[PDB]
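For reference, the chain that follows is the form deposited without the DNA, supplied as structure tokens.
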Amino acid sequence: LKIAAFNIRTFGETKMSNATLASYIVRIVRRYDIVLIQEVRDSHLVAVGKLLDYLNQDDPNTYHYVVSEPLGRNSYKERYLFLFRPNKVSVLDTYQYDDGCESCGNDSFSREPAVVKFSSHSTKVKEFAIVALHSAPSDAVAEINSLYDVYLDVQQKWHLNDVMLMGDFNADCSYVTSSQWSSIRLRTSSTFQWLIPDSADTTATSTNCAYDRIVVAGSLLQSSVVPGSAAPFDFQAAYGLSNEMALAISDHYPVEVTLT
């Protein structure tokens, strides 16, 4: 079971209408049984429908989806999109984080995490949840810290300890400095294993930053992780691209991990 989180810069109609860019985005996505896509900027779901048309052109059920409404603090809005191979996992339940009122999610998160419970017979973990977050860069420490409270909310709701939390957390460089890690409960609590290290470069740009991360809780889920499998996927190196073509795809690499 190969899982990833991929921030695709301003994923939308224009990007998906570009046959070359679509082609590379499809190749990336097909590596994975579950992939989370962030920065979806698709007012009428046309780009998402287009990606699914490519993915499902030979078998209508190659991939199934979970997608949010447009989210954001202000008028700039983005969706979370999960694409999963239904012969690998089934979606049992989903919800968007609330904090107990209609618009309370926005009290702690610009883009309220989408939370998906999967059933997975091919791994040692049988049910687990994934929490998606694309944090606001200027609020990274607080939002990653609040993911602790999301994990608690998942626990109370679904009586589940096995939870993977992933996405572009903006977790490095000017947005989370070394001294600040101690204030982030998701990091200081020994309930959590951080699979992408602070040393990792997850940007397709010339910055060296571990923005994108994959965190796991739950003893069964932790036991399912294949050692050495969590890493960024450098598609510029993989596909022998120029840096310019690479940046046309996204300014982030996917982060990936394998479960068994």
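Throughout, we count residues from 1 along the sequence that is shown.
The protein also exists as the form solved in complex with the DNA; that form is not presented, and the subsequent description refers to it.
- The three residues 33, 119 and 153 each lack any heavy atom within 4.5 Å of the DNA in the deposited bound form.
- Exactly one of the stretches 156-164, 76-84, 122-130, 184-192 approaches the DNA in the deposited bound form with heavy atoms within 4.5 Å, and it is 76-84.
- Contact between residue 97 and the DNA in the deposited bound form is not found at the 4.5 Å heavy atom cutoff.
- Using a 4.5 angstroms threshold between heavy atoms, residue 14 counts as touching the DNA in the deposited bound form.
- The DNA is not drawn, but in the deposited bound form it has a heavy atom within 4.5 Å of residue 175.
- Contact check for residue 236: every heavy atom lies farther than 4.5 Å from the DNA in the deposited bound form.
- Only one of the listed residues (57, 43, 219, 61) places a non-hydrogen atom within 4.5 angstroms of the DNA in the deposited bound form, and that residue is 43.
- Contacts between stretch 202-231 and the DNA, counted in the deposited bound form as any heavy atom lying within 4.5 Å, involve 206, 207, 211, listed in sequence order.
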